[PDB]
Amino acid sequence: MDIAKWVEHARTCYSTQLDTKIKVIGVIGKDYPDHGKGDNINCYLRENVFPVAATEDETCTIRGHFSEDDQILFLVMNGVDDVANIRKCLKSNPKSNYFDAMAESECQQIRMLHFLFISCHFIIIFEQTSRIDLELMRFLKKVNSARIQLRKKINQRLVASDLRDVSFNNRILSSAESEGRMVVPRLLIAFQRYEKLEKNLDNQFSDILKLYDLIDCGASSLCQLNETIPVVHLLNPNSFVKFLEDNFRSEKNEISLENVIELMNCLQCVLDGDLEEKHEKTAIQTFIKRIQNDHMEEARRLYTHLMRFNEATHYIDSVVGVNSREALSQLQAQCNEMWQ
C-alpha cells in the first residue's frame, strides 16, 4: 500500500497495538519478468504482499506494509526502472521531451530514497546483474547531497511532530549526526545467482560506498555497515531468512509503532518536496539548457538579412535536438528584432 494512504488509516487498523516496538526496513530492487522487487521479502513473510510488477498507480511510491507477526514495517520503493513508470513518463505528454519526462520520476526516486535513509533501521538492496549497480550509487550520492541540503528544515519538522527526542534504538547520535534523521541505516546487499566469494564483495561493497562518501564520513554519511555481522548475501533461485534475523535480532526493538505512523506522516513533506526551492533542474536538464542557450548565442553570432537568417537556422537545425521546433521559432523573433 502507498505510504501516503497507509498513514491516514494506520492508527485505526492497528488501534490496539500502537505501543508495540517495531523496526522499519527499507527495500531497494527492480522488477523483472516473473520476479518483483519484494518477492524475496514477501517470501520471507510467506505471503505475497507486493506484486510481480508495479502498476501505473503504484509508480514512484514507497509501498508500505506492516507485518504484525514479525513487528516490522517493510518499505519497498517503486522507482524509475519499473516498466509502468518508463511507460507512464514517455506517453504522459507527447508535447514534451525524453529528458524532462524522466527528470520528474528521477527526482521522486531521490525523495523516496531520502525518505528511506532517514527512517529505516536497515535497508536491503537486491541485485541480479552480478555487478553492484553504480548508478544506484550515484542516486545515493545525490540523495545524500539533497539530505545535507535539507536536513535542517527536516529536523525542525521532527521537532514540531514531537519525534526528535523519540529514540529509534540504542545508539546515541550527535546533533550533527542526527540532524534531519532518526537513524543512520545499516545497509545490506543481496545478490542473486564459496565463502571467500561473499567476503570479496564485502570489501568491494565497502570501497565503492566510500568512493561516493556514503560511509565513513561522520555526520556527512548517508548510511553505515555492520562491524562483525555480514552485510552481503547470495541467493539461489533458506540461508537468506537467517541472514536477516542475524541483523534484526542484533537490535532490540525500541520505537513504538504509533510514533512510526507519525514519522511517515511527518516525512511526507520530503515526498512532496515541500522543503525544496522552486525550479530545481537535474544535472542533465542543466546540461541541455546550457548548451541550448549557447546554440542560441552562436546562431545570433551567425546572423551578425536573408542570407544571415538562412545560416543561423541551418546551424540550429544541425545541433539542437530537444525543443527544436520552439528553438527555431524563437529565433525567427530574435532576428526580427535585429532587423530594426
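Numbers for residues come from their place in the sequence shown, where the first is 1.
Between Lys252 and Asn253, determine how many residues of the deposited chain lack coordinates; answer none if the chain runs continuously, otherwise 1 to 3, 4 to 9, or 10 or more.
The entry has no gap there; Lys252 and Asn253 are joined directly.
What number of deposited residues lacks coordinates in the span between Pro237 and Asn238: none, 1 to 3, 4 to 9, or 10 or more?
Missing residues, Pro237 to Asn238: 10 or more.
On average, which has the higher Cα B-factor in the deposited entry, 195-203 or 97-105?
Taking the mean B-factor of the alpha carbons in each, 195-203 is higher.
Between 228-236 and 131-139, name whichever shows the higher mean Cα B factor according to the PDB entry.
The deposited B-factors put 228-236 ahead on the C-alpha mean.
Among the candidates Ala283, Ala54, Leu306, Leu275, give the one with the maximum CA B-factor reported in the record.
If I rank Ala283, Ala54, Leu306, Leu275 by C-alpha B-factor, first place goes to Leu306.
Would you mind checking where the Cα B-factor of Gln149 ranks among the modelled residues of its chain, as the lowest, middle or highest third?
Middle third of the chain for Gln149's C-alpha B-factor.
When the modelled residues of the chain are sorted by Cα temperature factor, does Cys217 land in the lowest, middle or highest third?
Bottom third by C-alpha B-factor.
Among the modelled residues of its chain, does the C-alpha B-factor of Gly36 lie in the lowest, middle or highest third?
Within its chain, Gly36 is a middle-third residue by C-alpha B-factor, going by the deposited values.
Ordered by C-alpha B-factor within the chain, which third holds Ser92? Give me lowest, middle or highest, please.
It belongs to the highest third of the chain when residues are ordered by C-alpha B-factor.
Grab the CA temperature factor for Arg111 from the record and place it in the lowest, middle or highest third of its chain.
According to the entry, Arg111 has a C-alpha B-factor in the chain's lowest third.
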